[PDB]
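Peer 1: Structure: work_10.tsv, TSV, N, CA and C atoms.
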```
chain	number	residue	atom	x	y	z
A	1	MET	N	-10.21	62.32	-15.75
A	1	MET	CA	-10.32	63.63	-15.10
A	1	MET	C	-9.01	64.40	-15.21
A	2	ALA	N	-9.00	65.61	-14.67
A	2	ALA	CA	-7.81	66.45	-14.71
A	2	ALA	C	-6.81	66.04	-13.63
A	3	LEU	N	-5.53	66.28	-13.89
A	3	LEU	CA	-4.48	65.93	-12.94
A	3	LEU	C	-3.84	67.19	-12.35
A	4	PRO	N	-4.11	67.44	-11.06
A	4	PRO	CA	-3.57	68.60	-10.35
A	4	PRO	C	-2.07	68.49	-10.12
A	5	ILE	N	-1.42	69.64	-9.94
A	5	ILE	CA	0.02	69.67	-9.71
A	5	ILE	C	0.41	70.87	-8.86
A	6	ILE	N	1.30	70.65	-7.90
A	6	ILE	CA	1.76	71.72	-7.02
A	6	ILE	C	3.06	72.34	-7.54
A	7	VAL	N	3.16	73.66	-7.42
A	7	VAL	CA	4.35	74.37	-7.88
A	7	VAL	C	4.92	75.25	-6.77
A	8	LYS	N	6.18	75.03	-6.44
A	8	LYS	CA	6.85	75.80	-5.39
A	8	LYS	C	7.87	76.76	-5.99
A	9	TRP	N	7.67	78.05	-5.76
A	9	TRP	CA	8.58	79.07	-6.27
A	9	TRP	C	9.18	79.89	-5.14
A	10	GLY	N	10.42	79.58	-4.78
A	10	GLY	CA	11.08	80.30	-3.71
A	10	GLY	C	10.97	79.59	-2.37
A	11	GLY	N	9.85	79.81	-1.68
A	11	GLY	CA	9.64	79.18	-0.39
A	11	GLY	C	8.17	78.94	-0.10
A	12	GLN	N	7.35	78.92	-1.15
A	12	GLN	CA	5.92	78.70	-0.99
A	12	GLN	C	5.44	77.59	-1.92
A	13	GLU	N	4.16	77.23	-1.78
A	13	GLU	CA	3.58	76.17	-2.61
A	13	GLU	C	2.24	76.61	-3.18
A	14	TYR	N	1.99	76.25	-4.43
A	14	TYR	CA	0.74	76.61	-5.10
A	14	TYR	C	0.18	75.42	-5.87
A	15	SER	N	-1.02	74.99	-5.49
A	15	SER	CA	-1.67	73.86	-6.14
A	15	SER	C	-2.38	74.31	-7.42
A	16	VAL	N	-2.18	73.55	-8.49
A	16	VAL	CA	-2.80	73.87	-9.77
A	16	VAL	C	-4.09	73.08	-9.97
A	17	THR	N	-5.15	73.77	-10.36
A	17	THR	CA	-6.45	73.14	-10.58
A	17	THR	C	-7.15	73.74	-11.80
A	18	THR	N	-6.96	73.11	-12.95
A	18	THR	CA	-7.58	73.58	-14.19
A	18	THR	C	-7.07	72.79	-15.39
A	19	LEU	N	-5.85	72.29	-15.29
A	19	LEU	CA	-5.25	71.51	-16.37
A	19	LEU	C	-5.65	70.04	-16.27
A	20	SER	N	-5.71	69.37	-17.42
A	20	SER	CA	-6.08	67.96	-17.46
A	20	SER	C	-5.11	67.17	-18.32
A	21	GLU	N	-5.19	65.85	-18.24
A	21	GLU	CA	-4.32	64.98	-19.01
A	21	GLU	C	-4.47	65.23	-20.51
A	22	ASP	N	-5.61	65.81	-20.89
A	22	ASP	CA	-5.88	66.11	-22.29
A	22	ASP	C	-4.97	67.22	-22.79
A	23	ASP	N	-4.27	67.87	-21.87
A	23	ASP	CA	-3.36	68.95	-22.22
A	23	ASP	C	-1.91	68.48	-22.19
A	24	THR	N	-0.99	69.39	-21.89
A	24	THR	CA	0.43	69.07	-21.83
A	24	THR	C	1.08	69.68	-20.60
A	25	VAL	N	2.31	69.25	-20.31
A	25	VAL	CA	3.04	69.76	-19.16
A	25	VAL	C	3.32	71.25	-19.30
A	26	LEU	N	3.72	71.66	-20.50
A	26	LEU	CA	4.02	73.06	-20.76
A	26	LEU	C	2.79	73.94	-20.55
A	27	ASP	N	1.62	73.35	-20.75
A	27	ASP	CA	0.36	74.08	-20.58
A	27	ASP	C	0.09	74.33	-19.10
A	28	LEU	N	0.52	73.40	-18.25
A	28	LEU	CA	0.32	73.53	-16.81
A	28	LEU	C	1.36	74.45	-16.19
A	29	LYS	N	2.63	74.21	-16.53
A	29	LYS	CA	3.72	75.02	-16.01
A	29	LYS	C	3.58	76.47	-16.46
A	30	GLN	N	3.50	76.68	-17.77
A	30	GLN	CA	3.37	78.02	-18.32
A	30	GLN	C	2.13	78.72	-17.76
A	31	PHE	N	1.17	77.92	-17.29
A	31	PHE	CA	-0.06	78.46	-16.73
A	31	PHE	C	0.17	78.98	-15.31
A	32	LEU	N	0.69	78.12	-14.45
A	32	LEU	CA	0.96	78.49	-13.06
A	32	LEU	C	2.08	79.52	-12.98
A	33	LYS	N	3.13	79.31	-13.78
A	33	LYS	CA	4.27	80.22	-13.80
A	33	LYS	C	3.82	81.65	-14.07
A	34	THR	N	2.70	81.79	-14.78
A	34	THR	CA	2.17	83.10	-15.11
A	34	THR	C	1.41	83.70	-13.93
A	35	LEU	N	0.94	82.84	-13.04
A	35	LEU	CA	0.20	83.29	-11.86
A	35	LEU	C	1.15	83.86	-10.81
A	36	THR	N	2.08	83.03	-10.34
A	36	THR	CA	3.05	83.45	-9.34
A	36	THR	C	4.45	82.98	-9.70
A	37	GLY	N	4.54	81.88	-10.44
A	37	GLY	CA	5.83	81.35	-10.84
A	37	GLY	C	6.59	82.30	-11.74
A	38	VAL	N	7.76	81.87	-12.20
A	38	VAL	CA	8.58	82.68	-13.08
A	38	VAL	C	8.67	82.07	-14.47
A	39	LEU	N	8.59	82.92	-15.49
A	39	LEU	CA	8.66	82.46	-16.87
A	39	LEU	C	9.93	81.66	-17.12
A	40	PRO	N	9.86	80.71	-18.07
A	40	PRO	CA	11.00	79.86	-18.42
A	40	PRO	C	12.11	80.63	-19.12
A	41	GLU	N	11.75	81.77	-19.71
A	41	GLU	CA	12.72	82.60	-20.42
A	41	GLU	C	13.91	82.94	-19.52
A	42	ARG	N	13.62	83.19	-18.25
A	42	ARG	CA	14.67	83.53	-17.29
A	42	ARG	C	14.97	82.34	-16.37
A	43	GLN	N	13.92	81.64	-15.95
A	43	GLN	CA	14.08	80.49	-15.08
A	43	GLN	C	14.07	79.19	-15.88
A	44	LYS	N	14.65	78.14	-15.30
A	44	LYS	CA	14.71	76.84	-15.96
A	44	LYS	C	14.18	75.74	-15.05
A	45	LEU	N	13.48	74.78	-15.63
A	45	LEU	CA	12.92	73.67	-14.87
A	45	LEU	C	14.03	72.77	-14.32
A	46	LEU	N	13.89	72.38	-13.06
A	46	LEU	CA	14.88	71.52	-12.41
A	46	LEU	C	14.70	70.07	-12.84
A	47	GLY	N	13.60	69.46	-12.42
A	47	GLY	CA	13.33	68.08	-12.77
A	47	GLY	C	12.34	67.96	-13.92
A	48	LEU	N	12.71	68.50	-15.07
A	48	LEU	CA	11.85	68.45	-16.25
A	48	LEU	C	11.54	67.01	-16.64
A	49	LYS	N	12.35	66.08	-16.14
A	49	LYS	CA	12.17	64.67	-16.43
A	49	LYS	C	11.75	63.90	-15.18
A	50	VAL	N	10.89	62.91	-15.36
A	50	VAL	CA	10.42	62.10	-14.24
A	50	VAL	C	10.24	60.64	-14.66
A	51	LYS	N	10.51	59.73	-13.73
A	51	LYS	CA	10.37	58.30	-14.00
A	51	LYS	C	11.18	57.90	-15.23
A	52	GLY	N	12.31	58.58	-15.44
A	52	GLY	CA	13.15	58.28	-16.58
A	52	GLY	C	12.67	58.94	-17.85
A	53	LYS	N	11.46	59.49	-17.81
A	53	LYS	CA	10.88	60.16	-18.97
A	53	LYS	C	11.40	61.59	-19.09
A	54	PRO	N	11.46	62.10	-20.33
A	54	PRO	CA	11.94	63.45	-20.61
A	54	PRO	C	10.96	64.52	-20.11
A	55	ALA	N	9.67	64.20	-20.16
A	55	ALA	CA	8.64	65.13	-19.71
A	55	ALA	C	9.01	66.57	-20.07
A	56	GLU	N	9.50	66.76	-21.29
A	56	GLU	CA	9.89	68.09	-21.76
A	56	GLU	C	8.70	69.05	-21.73
A	57	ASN	N	7.81	68.91	-22.70
A	57	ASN	CA	6.63	69.76	-22.78
A	57	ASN	C	5.54	69.11	-23.64
A	58	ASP	N	5.96	68.43	-24.70
A	58	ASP	CA	5.03	67.76	-25.60
A	58	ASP	C	4.33	66.60	-24.89
A	59	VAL	N	4.80	66.28	-23.69
A	59	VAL	CA	4.23	65.19	-22.91
A	59	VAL	C	2.95	65.63	-22.21
A	60	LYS	N	2.00	64.71	-22.08
A	60	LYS	CA	0.73	65.00	-21.43
A	60	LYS	C	0.80	64.71	-19.94
A	61	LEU	N	0.00	65.43	-19.16
A	61	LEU	CA	-0.02	65.24	-17.71
A	61	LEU	C	-0.18	63.77	-17.35
A	62	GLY	N	-1.13	63.11	-18.00
A	62	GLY	CA	-1.37	61.70	-17.74
A	62	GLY	C	-0.34	60.81	-18.41
A	63	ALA	N	0.45	61.38	-19.30
A	63	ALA	CA	1.48	60.63	-20.01
A	63	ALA	C	2.71	60.44	-19.14
A	64	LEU	N	2.99	61.41	-18.29
A	64	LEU	CA	4.14	61.35	-17.40
A	64	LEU	C	3.87	60.42	-16.22
A	65	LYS	N	2.59	60.23	-15.90
A	65	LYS	CA	2.19	59.37	-14.79
A	65	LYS	C	2.72	59.91	-13.47
A	66	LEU	N	2.69	61.23	-13.32
A	66	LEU	CA	3.16	61.88	-12.10
A	66	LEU	C	2.03	62.03	-11.10
A	67	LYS	N	2.38	62.06	-9.82
A	67	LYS	CA	1.39	62.21	-8.75
A	67	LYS	C	0.77	63.60	-8.78
A	68	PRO	N	-0.41	63.74	-8.14
A	68	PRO	CA	-1.13	65.01	-8.08
A	68	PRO	C	-0.42	66.03	-7.19
A	69	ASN	N	0.20	65.55	-6.12
A	69	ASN	CA	0.92	66.41	-5.19
A	69	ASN	C	2.28	66.80	-5.75
A	70	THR	N	2.73	66.07	-6.77
A	70	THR	CA	4.02	66.34	-7.39
A	70	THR	C	4.34	67.83	-7.37
A	71	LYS	N	5.47	68.18	-6.75
A	71	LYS	CA	5.89	69.57	-6.66
A	71	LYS	C	6.83	69.93	-7.81
A	72	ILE	N	6.74	71.18	-8.27
A	72	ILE	CA	7.58	71.65	-9.36
A	72	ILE	C	8.52	72.76	-8.90
A	73	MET	N	9.81	72.58	-9.17
A	73	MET	CA	10.81	73.57	-8.78
A	73	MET	C	11.18	74.46	-9.97
A	74	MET	N	11.38	75.75	-9.70
A	74	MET	CA	11.74	76.70	-10.74
A	74	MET	C	12.89	77.60	-10.28
A	75	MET	N	14.01	77.54	-11.00
A	75	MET	CA	15.17	78.35	-10.66
A	75	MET	C	15.36	79.47	-11.68
A	76	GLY	N	15.40	80.71	-11.19
A	76	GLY	CA	15.57	81.85	-12.07
A	76	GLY	C	15.16	83.15	-11.42
A	77	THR	N	14.80	84.13	-12.25
A	77	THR	CA	14.38	85.44	-11.74
A	77	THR	C	13.11	85.92	-12.45
A	78	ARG	N	12.27	86.64	-11.72
A	78	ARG	CA	11.03	87.15	-12.27
A	78	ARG	C	11.30	88.14	-13.40
A	79	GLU	N	10.30	88.37	-14.24
A	79	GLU	CA	10.44	89.29	-15.36
A	79	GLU	C	10.96	90.64	-14.89
A	80	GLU	N	11.55	91.40	-15.81
A	80	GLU	CA	12.09	92.71	-15.49
A	80	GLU	C	11.04	93.80	-15.69
A	81	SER	N	10.04	93.82	-14.81
A	81	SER	CA	8.97	94.80	-14.90
A	81	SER	C	8.16	94.84	-13.60
```
Could you write out this file's structure as structure tokens?
Peer 2:
Amino acid sequence: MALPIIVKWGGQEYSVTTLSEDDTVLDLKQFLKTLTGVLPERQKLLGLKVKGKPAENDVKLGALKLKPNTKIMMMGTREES
């Protein structure tokens, strides 16, 4: 099945529901980041790595073996528009 993930941008939390292990981390982040999060162009991932793994982007949701509640931090600024 799909693996949900929570993303916190600033002082709030947003649960992701649509991405699956069949996809990749970049597909989930770039997806939520487009909803309320901030693009990577300006912001950078804090804990891009987990469990010693790089979890850069080419990694699959189920490949990182991260929890569903796993929160994602994003440091940066929203687009200039």
Peer 1: Take atom CA of residue A:25 and atom CA of residue A:9 and report the distance between them in Å, one decimal.
Peer 2: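 Pair atom CA of residue A:25 / atom CA of residue A:9 returns 16.8 Å.
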Peer 1: Can you pull out the residues contacting residue A:5? Cut-off 5 Å, using all atoms listed in the file, and skip same-chain residues under 5 positions away; I want them as a ChimeraX atom specification.
Peer 2: /A:15-16,68
Peer 1: From the DSSP assignment of the backbone, select every residue of chain A that is helix (DSSP H, G or I), and format the answer as a ChimeraX atom specification.
Peer 2: /A:25-35,61-64
Peer 1: Residues of the last selection are to be written out with N, CA and C atoms, as a PDB file, in the coordinates of the input.
Peer 2:
```pdb
ATOM      1  N   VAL A  25       2.310  69.250 -20.310  1.00  0.00           N
ATOM      2  CA  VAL A  25       3.040  69.760 -19.160  1.00  0.00           C
ATOM      3  C   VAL A  25       3.320  71.250 -19.300  1.00  0.00           C
ATOM      4  N   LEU A  26       3.720  71.660 -20.500  1.00  0.00           N
ATOM      5  CA  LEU A  26       4.020  73.060 -20.760  1.00  0.00           C
ATOM      6  C   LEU A  26       2.790  73.940 -20.550  1.00  0.00           C
ATOM      7  N   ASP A  27       1.620  73.350 -20.750  1.00  0.00           N
ATOM      8  CA  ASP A  27       0.360  74.080 -20.580  1.00  0.00           C
ATOM      9  C   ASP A  27       0.090  74.330 -19.100  1.00  0.00           C
ATOM     10  N   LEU A  28       0.520  73.400 -18.250  1.00  0.00           N
ATOM     11  CA  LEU A  28       0.320  73.530 -16.810  1.00  0.00           C
ATOM     12  C   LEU A  28       1.360  74.450 -16.190  1.00  0.00           C
ATOM     13  N   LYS A  29       2.630  74.210 -16.530  1.00  0.00           N
ATOM     14  CA  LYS A  29       3.720  75.020 -16.010  1.00  0.00           C
ATOM     15  C   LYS A  29       3.580  76.470 -16.460  1.00  0.00           C
ATOM     16  N   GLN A  30       3.500  76.680 -17.770  1.00  0.00           N
ATOM     17  CA  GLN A  30       3.370  78.020 -18.320  1.00  0.00           C
ATOM     18  C   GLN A  30       2.130  78.720 -17.760  1.00  0.00           C
ATOM     19  N   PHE A  31       1.170  77.920 -17.290  1.00  0.00           N
ATOM     20  CA  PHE A  31      -0.060  78.460 -16.730  1.00  0.00           C
ATOM     21  C   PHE A  31       0.170  78.980 -15.310  1.00  0.00           C
ATOM     22  N   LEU A  32       0.690  78.120 -14.450  1.00  0.00           N
ATOM     23  CA  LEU A  32       0.960  78.490 -13.060  1.00  0.00           C
ATOM     24  C   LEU A  32       2.080  79.520 -12.980  1.00  0.00           C
ATOM     25  N   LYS A  33       3.130  79.310 -13.780  1.00  0.00           N
ATOM     26  CA  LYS A  33       4.270  80.220 -13.800  1.00  0.00           C
ATOM     27  C   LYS A  33       3.820  81.650 -14.070  1.00  0.00           C
ATOM     28  N   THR A  34       2.700  81.790 -14.780  1.00  0.00           N
ATOM     29  CA  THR A  34       2.170  83.100 -15.110  1.00  0.00           C
ATOM     30  C   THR A  34       1.410  83.700 -13.930  1.00  0.00           C
ATOM     31  N   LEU A  35       0.940  82.840 -13.040  1.00  0.00           N
ATOM     32  CA  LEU A  35       0.200  83.290 -11.860  1.00  0.00           C
ATOM     33  C   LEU A  35       1.150  83.860 -10.810  1.00  0.00           C
ATOM     34  N   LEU A  61       0.000  65.430 -19.160  1.00  0.00           N
ATOM     35  CA  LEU A  61      -0.020  65.240 -17.710  1.00  0.00           C
ATOM     36  C   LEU A  61      -0.180  63.770 -17.350  1.00  0.00           C
ATOM     37  N   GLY A  62      -1.130  63.110 -18.000  1.00  0.00           N
ATOM     38  CA  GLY A  62      -1.370  61.700 -17.740  1.00  0.00           C
ATOM     39  C   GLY A  62      -0.340  60.810 -18.410  1.00  0.00           C
ATOM     40  N   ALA A  63       0.450  61.380 -19.300  1.00  0.00           N
ATOM     41  CA  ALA A  63       1.480  60.630 -20.010  1.00  0.00           C
ATOM     42  C   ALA A  63       2.710  60.440 -19.140  1.00  0.00           C
ATOM     43  N   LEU A  64       2.990  61.410 -18.290  1.00  0.00           N
ATOM     44  CA  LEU A  64       4.140  61.350 -17.400  1.00  0.00           C
ATOM     45  C   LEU A  64       3.870  60.420 -16.220  1.00  0.00           C
TER      46      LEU A  64
END
```
Peer 1: Smallest atom-to-atom distance to residue A:7: which of A:37, A:77, A:42, A:22, using only N, CA and C atoms?
Peer 2: A:37
Peer 1: Anything within 8 Å of (14.2, 74.9, -10.5): list those residues as a list in words, counting only C-alpha atoms and sticking to the file's coordinates.
Peer 2: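 Protein and nucleic acid residues near the point are residues 43, 44, 45, 46, 47, 72, 73, 74, 75 and 76 of chain A.
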Peer 1: Could you turn the residues from that selection into a file that holds N, CA and C atoms, as a PDB file, in the frame of the given file?
Peer 2:
```pdb
ATOM      1  N   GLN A  43      13.920  81.640 -15.950  1.00  0.00           N
ATOM      2  CA  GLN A  43      14.080  80.490 -15.080  1.00  0.00           C
ATOM      3  C   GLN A  43      14.070  79.190 -15.880  1.00  0.00           C
ATOM      4  N   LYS A  44      14.650  78.140 -15.300  1.00  0.00           N
ATOM      5  CA  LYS A  44      14.710  76.840 -15.960  1.00  0.00           C
ATOM      6  C   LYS A  44      14.180  75.740 -15.050  1.00  0.00           C
ATOM      7  N   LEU A  45      13.480  74.780 -15.630  1.00  0.00           N
ATOM      8  CA  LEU A  45      12.920  73.670 -14.870  1.00  0.00           C
ATOM      9  C   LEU A  45      14.030  72.770 -14.320  1.00  0.00           C
ATOM     10  N   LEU A  46      13.890  72.380 -13.060  1.00  0.00           N
ATOM     11  CA  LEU A  46      14.880  71.520 -12.410  1.00  0.00           C
ATOM     12  C   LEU A  46      14.700  70.070 -12.840  1.00  0.00           C
ATOM     13  N   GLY A  47      13.600  69.460 -12.420  1.00  0.00           N
ATOM     14  CA  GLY A  47      13.330  68.080 -12.770  1.00  0.00           C
ATOM     15  C   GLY A  47      12.340  67.960 -13.920  1.00  0.00           C
ATOM     16  N   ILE A  72       6.740  71.180  -8.270  1.00  0.00           N
ATOM     17  CA  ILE A  72       7.580  71.650  -9.360  1.00  0.00           C
ATOM     18  C   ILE A  72       8.520  72.760  -8.900  1.00  0.00           C
ATOM     19  N   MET A  73       9.810  72.580  -9.170  1.00  0.00           N
ATOM     20  CA  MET A  73      10.810  73.570  -8.780  1.00  0.00           C
ATOM     21  C   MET A  73      11.180  74.460  -9.970  1.00  0.00           C
ATOM     22  N   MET A  74      11.380  75.750  -9.700  1.00  0.00           N
ATOM     23  CA  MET A  74      11.740  76.700 -10.740  1.00  0.00           C
ATOM     24  C   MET A  74      12.890  77.600 -10.280  1.00  0.00           C
ATOM     25  N   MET A  75      14.010  77.540 -11.000  1.00  0.00           N
ATOM     26  CA  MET A  75      15.170  78.350 -10.660  1.00  0.00           C
ATOM     27  C   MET A  75      15.360  79.470 -11.680  1.00  0.00           C
ATOM     28  N   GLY A  76      15.400  80.710 -11.190  1.00  0.00           N
ATOM     29  CA  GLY A  76      15.570  81.850 -12.070  1.00  0.00           C
ATOM     30  C   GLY A  76      15.160  83.150 -11.420  1.00  0.00           C
TER      31      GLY A  76
END
```
Peer 1: For residue A:60, which of A:21, A:41, A:80, A:27 is the closest residue, counting only N, CA and C atoms?
Peer 2: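 Distance minimum relative to residue A:60 lands on A:21.
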Peer 1: Run DSSP on the backbone and give me the residues of chain A it puts in strand (DSSP E or B), as a VMD selection string.
Peer 2: chain A and resid 5 to 8 14 to 16 44 to 45 50 53 71 to 75
Peer 1: Write the residues you've just listed into a file as a PDB file, in the coordinates of the input, and include N, CA and C atoms for each of them.
Peer 2:
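Result file again32.pdb:
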```pdb
ATOM      1  N   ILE A   5      -1.420  69.640  -9.940  1.00  0.00           N
ATOM      2  CA  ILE A   5       0.020  69.670  -9.710  1.00  0.00           C
ATOM      3  C   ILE A   5       0.410  70.870  -8.860  1.00  0.00           C
ATOM      4  N   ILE A   6       1.300  70.650  -7.900  1.00  0.00           N
ATOM      5  CA  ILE A   6       1.760  71.720  -7.020  1.00  0.00           C
ATOM      6  C   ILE A   6       3.060  72.340  -7.540  1.00  0.00           C
ATOM      7  N   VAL A   7       3.160  73.660  -7.420  1.00  0.00           N
ATOM      8  CA  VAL A   7       4.350  74.370  -7.880  1.00  0.00           C
ATOM      9  C   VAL A   7       4.920  75.250  -6.770  1.00  0.00           C
ATOM     10  N   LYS A   8       6.180  75.030  -6.440  1.00  0.00           N
ATOM     11  CA  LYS A   8       6.850  75.800  -5.390  1.00  0.00           C
ATOM     12  C   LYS A   8       7.870  76.760  -5.990  1.00  0.00           C
ATOM     13  N   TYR A  14       1.990  76.250  -4.430  1.00  0.00           N
ATOM     14  CA  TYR A  14       0.740  76.610  -5.100  1.00  0.00           C
ATOM     15  C   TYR A  14       0.180  75.420  -5.870  1.00  0.00           C
ATOM     16  N   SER A  15      -1.020  74.990  -5.490  1.00  0.00           N
ATOM     17  CA  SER A  15      -1.670  73.860  -6.140  1.00  0.00           C
ATOM     18  C   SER A  15      -2.380  74.310  -7.420  1.00  0.00           C
ATOM     19  N   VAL A  16      -2.180  73.550  -8.490  1.00  0.00           N
ATOM     20  CA  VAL A  16      -2.800  73.870  -9.770  1.00  0.00           C
ATOM     21  C   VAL A  16      -4.090  73.080  -9.970  1.00  0.00           C
ATOM     22  N   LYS A  44      14.650  78.140 -15.300  1.00  0.00           N
ATOM     23  CA  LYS A  44      14.710  76.840 -15.960  1.00  0.00           C
ATOM     24  C   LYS A  44      14.180  75.740 -15.050  1.00  0.00           C
ATOM     25  N   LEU A  45      13.480  74.780 -15.630  1.00  0.00           N
ATOM     26  CA  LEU A  45      12.920  73.670 -14.870  1.00  0.00           C
ATOM     27  C   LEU A  45      14.030  72.770 -14.320  1.00  0.00           C
ATOM     28  N   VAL A  50      10.890  62.910 -15.360  1.00  0.00           N
ATOM     29  CA  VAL A  50      10.420  62.100 -14.240  1.00  0.00           C
ATOM     30  C   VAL A  50      10.240  60.640 -14.660  1.00  0.00           C
ATOM     31  N   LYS A  53      11.460  59.490 -17.810  1.00  0.00           N
ATOM     32  CA  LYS A  53      10.880  60.160 -18.970  1.00  0.00           C
ATOM     33  C   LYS A  53      11.400  61.590 -19.090  1.00  0.00           C
ATOM     34  N   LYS A  71       5.470  68.180  -6.750  1.00  0.00           N
ATOM     35  CA  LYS A  71       5.890  69.570  -6.660  1.00  0.00           C
ATOM     36  C   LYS A  71       6.830  69.930  -7.810  1.00  0.00           C
ATOM     37  N   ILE A  72       6.740  71.180  -8.270  1.00  0.00           N
ATOM     38  CA  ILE A  72       7.580  71.650  -9.360  1.00  0.00           C
ATOM     39  C   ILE A  72       8.520  72.760  -8.900  1.00  0.00           C
ATOM     40  N   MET A  73       9.810  72.580  -9.170  1.00  0.00           N
ATOM     41  CA  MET A  73      10.810  73.570  -8.780  1.00  0.00           C
ATOM     42  C   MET A  73      11.180  74.460  -9.970  1.00  0.00           C
ATOM     43  N   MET A  74      11.380  75.750  -9.700  1.00  0.00           N
ATOM     44  CA  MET A  74      11.740  76.700 -10.740  1.00  0.00           C
ATOM     45  C   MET A  74      12.890  77.600 -10.280  1.00  0.00           C
ATOM     46  N   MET A  75      14.010  77.540 -11.000  1.00  0.00           N
ATOM     47  CA  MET A  75      15.170  78.350 -10.660  1.00  0.00           C
ATOM     48  C   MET A  75      15.360  79.470 -11.680  1.00  0.00           C
TER      49      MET A  75
END
```
Peer 1: State, in Å with one decimal place, the distance from atom CA of residue A:65 to atom C of residue A:3.
Peer 2: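 Interatomic distance, atom CA of residue A:65 to atom C of residue A:3: 10.2 Å.
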Peer 1: Separation of atom N of residue A:71 and atom N of residue A:13, in Å?
Peer 2: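 If I compute the distance from atom N of residue A:71 to atom N of residue A:13, I get 10.4 Å.
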Peer 1: Give me the residues within 7 Å of residue A:26 as an mmCIF file with N, CA and C atoms, in the coordinates of the input, counting only N, CA and C atoms and dropping any in the same chain fewer than 5 places off.
Peer 2:
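Everything below was put into result.cif:
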```
data_model
loop_
_atom_site.group_PDB
_atom_site.id
_atom_site.type_symbol
_atom_site.label_atom_id
_atom_site.label_comp_id
_atom_site.auth_asym_id
_atom_site.auth_seq_id
_atom_site.Cartn_x
_atom_site.Cartn_y
_atom_site.Cartn_z
ATOM 1 N N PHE A 31 1.170 77.920 -17.290
ATOM 2 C CA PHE A 31 -0.060 78.460 -16.730
ATOM 3 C C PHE A 31 0.170 78.980 -15.310
ATOM 4 N N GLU A 56 9.500 66.760 -21.290
ATOM 5 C CA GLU A 56 9.890 68.090 -21.760
ATOM 6 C C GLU A 56 8.700 69.050 -21.730
ATOM 7 N N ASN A 57 7.810 68.910 -22.700
ATOM 8 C CA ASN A 57 6.630 69.760 -22.780
ATOM 9 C C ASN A 57 5.540 69.110 -23.640
ATOM 10 N N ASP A 58 5.960 68.430 -24.700
ATOM 11 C CA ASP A 58 5.030 67.760 -25.600
ATOM 12 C C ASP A 58 4.330 66.600 -24.890
ATOM 13 N N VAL A 59 4.800 66.280 -23.690
ATOM 14 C CA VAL A 59 4.230 65.190 -22.910
ATOM 15 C C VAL A 59 2.950 65.630 -22.210
#
```
Peer 1: Tell me which of A:61, A:55, A:48, A:38 sits closest to residue A:10, counting only C-alpha atoms.
Peer 2: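 Closest candidate: A:38.
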Peer 1: When distances are computed from all atoms listed in the file, which of A:17, A:64, A:36, A:11 shows the smallest separation from residue A:50?
Peer 2: A:64
Peer 1: Output stretch 16-26 of chain A as a PDB file, in the coordinates of the input, making sure N, CA, C and O atoms are there.
Peer 2:
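And here's out32.pdb as it stands now:
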```
ATOM      1  N   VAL A  16      -2.180  73.550  -8.490  1.00  0.00           N
ATOM      2  CA  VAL A  16      -2.800  73.870  -9.770  1.00  0.00           C
ATOM      3  C   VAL A  16      -4.090  73.080  -9.970  1.00  0.00           C
ATOM      4  O   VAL A  16      -4.124  71.860  -9.773  1.00  0.00           O
ATOM      5  N   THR A  17      -5.150  73.770 -10.360  1.00  0.00           N
ATOM      6  CA  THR A  17      -6.450  73.140 -10.580  1.00  0.00           C
ATOM      7  C   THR A  17      -7.150  73.740 -11.800  1.00  0.00           C
ATOM      8  O   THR A  17      -7.853  74.741 -11.687  1.00  0.00           O
ATOM      9  N   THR A  18      -6.960  73.110 -12.950  1.00  0.00           N
ATOM     10  CA  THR A  18      -7.580  73.580 -14.190  1.00  0.00           C
ATOM     11  C   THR A  18      -7.070  72.790 -15.390  1.00  0.00           C
ATOM     12  O   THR A  18      -7.782  72.636 -16.385  1.00  0.00           O
ATOM     13  N   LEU A  19      -5.850  72.290 -15.290  1.00  0.00           N
ATOM     14  CA  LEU A  19      -5.250  71.510 -16.370  1.00  0.00           C
ATOM     15  C   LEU A  19      -5.650  70.040 -16.270  1.00  0.00           C
ATOM     16  O   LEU A  19      -5.889  69.529 -15.181  1.00  0.00           O
ATOM     17  N   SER A  20      -5.710  69.370 -17.420  1.00  0.00           N
ATOM     18  CA  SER A  20      -6.080  67.960 -17.460  1.00  0.00           C
ATOM     19  C   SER A  20      -5.110  67.170 -18.320  1.00  0.00           C
ATOM     20  O   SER A  20      -4.291  67.746 -19.044  1.00  0.00           O
ATOM     21  N   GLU A  21      -5.190  65.850 -18.240  1.00  0.00           N
ATOM     22  CA  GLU A  21      -4.320  64.980 -19.010  1.00  0.00           C
ATOM     23  C   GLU A  21      -4.470  65.230 -20.510  1.00  0.00           C
ATOM     24  O   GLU A  21      -3.579  64.920 -21.297  1.00  0.00           O
ATOM     25  N   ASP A  22      -5.610  65.810 -20.890  1.00  0.00           N
ATOM     26  CA  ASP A  22      -5.880  66.110 -22.290  1.00  0.00           C
ATOM     27  C   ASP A  22      -4.970  67.220 -22.790  1.00  0.00           C
ATOM     28  O   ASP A  22      -4.897  67.485 -23.994  1.00  0.00           O
ATOM     29  N   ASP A  23      -4.270  67.870 -21.870  1.00  0.00           N
ATOM     30  CA  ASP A  23      -3.360  68.950 -22.220  1.00  0.00           C
ATOM     31  C   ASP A  23      -1.910  68.480 -22.190  1.00  0.00           C
ATOM     32  O   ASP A  23      -1.621  67.303 -22.440  1.00  0.00           O
ATOM     33  N   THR A  24      -0.990  69.390 -21.890  1.00  0.00           N
ATOM     34  CA  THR A  24       0.430  69.070 -21.830  1.00  0.00           C
ATOM     35  C   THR A  24       1.080  69.680 -20.600  1.00  0.00           C
ATOM     36  O   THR A  24       0.490  70.525 -19.922  1.00  0.00           O
ATOM     37  N   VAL A  25       2.310  69.250 -20.310  1.00  0.00           N
ATOM     38  CA  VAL A  25       3.040  69.760 -19.160  1.00  0.00           C
ATOM     39  C   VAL A  25       3.320  71.250 -19.300  1.00  0.00           C
ATOM     40  O   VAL A  25       3.175  72.017 -18.342  1.00  0.00           O
ATOM     41  N   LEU A  26       3.720  71.660 -20.500  1.00  0.00           N
ATOM     42  CA  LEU A  26       4.020  73.060 -20.760  1.00  0.00           C
ATOM     43  C   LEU A  26       2.790  73.940 -20.550  1.00  0.00           C
ATOM     44  O   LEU A  26       2.905  75.110 -20.193  1.00  0.00           O
TER      45      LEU A  26
END
```
